[PDB]
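>>> with the input below, show me the fold.
(chains A, B and C)
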Amino acid sequence: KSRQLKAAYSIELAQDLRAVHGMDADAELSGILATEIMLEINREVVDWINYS
Amino acid sequence: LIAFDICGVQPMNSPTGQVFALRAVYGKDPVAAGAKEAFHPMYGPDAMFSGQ
Amino acid sequence: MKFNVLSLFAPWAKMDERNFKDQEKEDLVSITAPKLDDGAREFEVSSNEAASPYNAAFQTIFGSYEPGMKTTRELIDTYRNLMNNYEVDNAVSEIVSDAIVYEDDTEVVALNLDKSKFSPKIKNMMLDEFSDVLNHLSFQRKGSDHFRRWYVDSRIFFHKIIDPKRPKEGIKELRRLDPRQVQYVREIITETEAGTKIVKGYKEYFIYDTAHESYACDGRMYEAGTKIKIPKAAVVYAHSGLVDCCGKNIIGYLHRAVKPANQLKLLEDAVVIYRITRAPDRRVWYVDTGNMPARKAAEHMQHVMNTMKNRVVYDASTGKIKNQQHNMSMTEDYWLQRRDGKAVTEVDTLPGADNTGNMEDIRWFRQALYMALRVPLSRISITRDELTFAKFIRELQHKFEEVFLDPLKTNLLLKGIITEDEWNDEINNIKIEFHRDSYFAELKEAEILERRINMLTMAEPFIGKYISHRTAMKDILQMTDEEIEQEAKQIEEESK
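Numbers count the residues shown, from 1 in each chain, chains lettered A, B, ... in the order given. Next comes the structure:
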């Protein structure tokens, strides 16, 4: 069974984030999404254990 | 093109720039309608202010 | 959000902050193209004077290195893939082995200090530190391995450490960093009319990746996520002068051989396969079975094909035909049954793997590769090939050498013995000399001397009127005036 997340953020936002906190946030969004996937899996595994 | 030597440029390092300016004023309230300036290239000074 | 370096590196960062603070006051201004020849990759950034916190720096360091960091990783593996092949590895071996030797009861590569110094105490201090530099590379045991990897990839990096509370004596064993996770750049954040002509420090930034996300072999990790920004003061490194046609896209010493290395391998396999495929007798047996669907026609075929079948295999462990009885038939006597009164049922034979070479191209290409890998081509007295080889080895040694010079000059500053200014205004020469094979060195010298001697013996009949003795000694024996005087003095002493 499949899983996935989208970010697809704008250019202008990234251009400005860079000028405020020095963040490109490609990395931040990428991080968050990948993180969210791994964490959701973390729970999936735990939940399957508790369920079974 | 006549690019930019007939204007200021002050290139930005962020969106949203700002500029502050000082005025010399009087009448016990530097900020009021009717407050008067001390210096102005187009207007003579209030010659009686420190005087009679 | 304006984060600093992990504090463990801060002492190195501090050294760099000082280095840049003074570079920024330098008069290397009014420069069009950046004053940079090699090493770290340059990039035009945000023109914001001193705005270089971790987040911001990452954004541009990463953006700068990214469009080609993949390529960089591919080249590392490409060079390694060549190193893993035969008739490649041996070229590298010949070079590495001669570049760094260790010998029987001899010294090892060592610092040669023969220039003026304030006090000779410094020569001892530098030599003592140098020895310890080698201890921190464990050069005496693995120096040739460092070199080999360096050579193949054309770069090596090491992480330097400090106490850090007493950083002056925190100097300890270096840890070799695999380029796979190392990024290096030069960033520009100043601006003037029509570009940036301002003295630029570039900050020499390094980044060390995290998870072993990329790989050559399997057993890889999950996403790296963030990466760590590291000061250059913290990294010992060296690299080749070989760069591809753009930027700082540095290449390996074997880069040249990648084409023919792979090409030869394809040719070699083409030969191997050519002679195997079709080696055995080949044919298709045909059975004419009228008015039948394959599901039934097949029985007619079985009545022939499973009757005439030669159930034979070859024992490759013992060169025999497995369970062959009788030992050998005199004739492969086969038959085919024709149900109709027509010569149609037949056997369709095929050609085999005939030996028709003319196996010449393989040598053309072997030789091209052999040379592409860095001659002498004499390997399967003193010649031009050996002489140019030795020059090459010295050139390699002089780049590799930085691996010692970096931590040496660093340690001698960090422990407060010599100032930075003194080092820079003094050498001018800090050459580290290698031990070279004495077998060959003696032979080279002996042959040269024979010729010199033979020439002295030609001058002899005329030397009494035509050639001074000093002249014969400086021209034929290539002796220095002092050397000449010293032997003359010794010669009178030898009388007794």
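
>>> need the three-state assignment for the spatially most central residue of chain A.
When C-alpha atoms, centre = their mean is applied to chain A, the residue found nearest the centroid is residue A:33 (1.2 Å). Three-state assignment for residue A:33 (DSSP: H, G, I helix; E, B strand; the rest coil): helix.

>>> that one against residue A:5, yeah?
Yes. Residue A:33 lies in contact with residue A:5 (C-beta atoms under 8 Å); the separation is 4.4 Å. In this view, the C-beta of every residue, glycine as well, is placed from N, C-alpha and C.

>>> what helix or strand is the residue in chain A positioned nearest to chain C located in?
Per C-beta to the nearest C-beta, residue A:22 is where chain A lies closest to chain C, at 3.1 Å. Using DSSP states H and E, residue A:22 falls within no helix or strand.

>>> just give the nearest non-adjacent residue to it, would you?
Excluding its sequence neighbours, the residue lying closest to residue A:22 (C-beta to C-beta, 6 or more residues apart in numbering or on different chains) is residue C:56, at 3.1 Å.

>>> what's the answer for residue C:98, then?
residue C:393 (5.8 Å).

>>> doesn't that neighbour belong to a helix?
Yes. Residue state for residue C:393 (three-state DSSP) corresponds to a helix.

>>> can you show me the CA trace of the helix or strand where residue C:185 lies as CSV?
Assigned by DSSP H and E, residue C:185 belongs to strand C:182-188. Only the C-alpha atoms of strand C:182-188 are listed here, as CSV (Å, rounded to 0.1, in the frame of the first residue of the first chain):
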residue,chain,number,x,y,z
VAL,C,182,32.2,16.8,1.4
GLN,C,183,31.1,20.1,-0.3
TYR,C,184,33.4,23.2,-0.6
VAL,C,185,32.6,26.7,-1.9
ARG,C,186,33.6,30.4,-2.2
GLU,C,187,30.6,32.8,-1.7
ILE,C,188,30.4,36.5,-2.6
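
>>> contact residues of chain B facing chain C?
B:11, B:13 (C-beta under 8 Å from any C-beta of the partner chain).

>>> and the helices in chain B?
Counting by DSSP state H, chain B forms no helices at all.

>>> closest residue of the stretch 351-496 of chain C to chain B?
Proximity of the stretch 351-496 of chain C to chain B (C-beta to the nearest C-beta) peaks at residue C:420, 32.8 Å away.

>>> whoops, chain A was the one
residue A:19 (4.1 Å).

>>> so residue C:229: helix, strand or coil?
Here residue C:229 is recorded as strand under three-state DSSP.

>>> who in chain A is up against chain B?
By the rule C-beta under 8 Å from any C-beta, the part of chain A lying against chain B is A:16, A:19, A:20.

>>> can you select the buried ones from those in PyMOL?
Typed into PyMOL, the line below selects the buried ones among the residues of chain A next to chain B, using 16 or more other C-beta atoms under 10 Å in any protein chain shown:
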select buried, chain A and resi 19
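
>>> closest one of the residues of chain A next to chain B to residue C:34?
Nearest to residue C:34 among those: residue A:19, at 24.0 Å, using C-beta to C-beta.

>>> who's in contact with the closest one?
B:13, B:14, B:15 (C-beta atoms under 8 Å, 6 or more residues apart in numbering or on different chains).

>>> name the SS class of the residue nearest to residue A:22, please.
helix.

>>> and it, how many neighbours does it have?
Number of residues near residue C:56 (other C-beta atoms under 10 Å in any protein chain shown) recorded here: 24.

>>> same deal with residue C:40?
Residues lying near residue C:40 (other C-beta under 10 Å) number 22.

>>> I'd like to know how far it sits from residue C:243.
From residue C:40 across to residue C:243, the span is 12 Å (C-beta to C-beta, to the nearest Å).

>>> which parts of chain C sit against chain A?
Within chain C, the positions adjacent to chain A are C:1-2, C:46, C:51, C:53-59, C:62-63, C:222-223, C:225-226 by C-beta under 8 Å from any C-beta.

>>> which of these are buried? Put it as a ChimeraX command.
Entered in ChimeraX, the line below selects the buried ones among those, by 16+ other C-beta under 10 Å:
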select /C:46,51,54,55,56,57,58,59,62
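
>>> tell me the residues of the stretch 51-200 of chain C that contact chain B?
C:51, C:191.

>>> would you map the strands across the stretch 51-200 of chain C?
In the stretch 51-200 of chain C, the segments counted as strands under DSSP state E, counting those that start in this stretch are C:110-111, C:155-159, C:175-177, C:182-188.

>>> tell me which residue of chain B lies closest to chain A.
residue B:14 (4.1 Å).

>>> for that residue, give me the backbone phi and psi.
Dihedral pair for residue B:14: phi -160, psi 160, per degrees, to the nearest 10.

>>> list the contacts of it.
Going by C-beta under 8 Å, 6+ apart, residue B:14 touches A:19, A:20.

>>> and with 6 Å instead?
Residue B:14 makes contacts with residue A:19, as judged by C-beta atoms under 6 Å, 6 or more residues apart in numbering or on different chains.

>>> strands along chain A, start to end?
Remark: strands of chain A are absent; assignment by DSSP state E.

>>> enumerate the residues of it near chain C.
Taking C-beta under 6 Å from any C-beta of the partner chain, the part of chain A that reaches chain C is made up of A:21, A:22, A:23, A:24, A:31, A:34.

>>> how does it look with 8 Å?
Within chain A, the residues that sit near chain C (C-beta under 8 Å from any C-beta) are A:18, A:21, A:22, A:23, A:24, A:27, A:30, A:31, A:34, A:38.

>>> which of those are buried?
Judged by 16+ other C-beta under 10 Å, buried ones among those: A:18, A:22, A:23, A:24, A:27.

>>> now those as JSON lines including distance to residue C:320?
What follows is those, written out as JSON lines (distance: C-beta to C-beta, whole Å):
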{"residue": "A:18", "distance to residue C:320": "75"}
{"residue": "A:22", "distance to residue C:320": "76"}
{"residue": "A:23", "distance to residue C:320": "74"}
{"residue": "A:24", "distance to residue C:320": "70"}
{"residue": "A:27", "distance to residue C:320": "66"}
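
>>> the residue nearest to residue C:42 when sequence neighbours are not counted and residue C:61: what is the separation?
Closest residue to residue C:42 in three dimensions, ignoring its sequence neighbours and counting by C-beta to C-beta, 6+ apart: residue C:186, at 4.2 Å. According to C-beta to C-beta, residue C:186 and residue C:61 sit 10 Å apart.

>>> any common contacting residues for the two?
With C-beta under 8 Å, 6+ apart as the test, residue C:186 and residue C:61 both reach C:43, C:205.

>>> more neighbours: which of these two?
Higher neighbour count among residue C:186 and residue C:61: residue C:61, with 26 against 20, using other C-beta under 10 Å.

>>> need the residues that contact stretch C:210-227.
Applying C-beta under 8 Å, 6+ apart, the set of residues contacting stretch C:210-227 is A:27, A:30-31, A:34, A:38, C:58, C:62, C:73, C:76-77, C:80, C:180-181, C:183, C:207-209, C:228.

>>> next, the buried residues of it.
Within stretch C:210-227, the residues that qualify as buried are C:214, C:227, counting by 16+ other C-beta under 10 Å.

>>> how far does it sit from its chain's centre?
The chain centre lies 24 Å from the centre of stretch C:210-227; the measure is C-alpha atoms, centre = their mean, to the nearest Å.

>>> now stretch C:33-52
Here stretch C:33-52 is found 28 Å from its chain centre; the criterion is C-alpha atoms, centre = their mean.

>>> who's in contact with it?
For stretch C:33-52, the external contacting residues (C-beta under 8 Å, 6+ apart) are A:18, A:22, B:11, B:13, C:28, C:56, C:60-61, C:63-65, C:184-191, C:196, C:200, C:202-205, C:232, C:239, C:241, C:243, C:247-248.

>>> out of these, which are buried?
Looks like the contacts of stretch C:33-52 have A:18, A:22, C:56, C:60-61, C:64-65, C:184-191, C:196, C:200, C:202-205, C:232, C:239, C:243, C:248 buried, using 16+ other C-beta under 10 Å.
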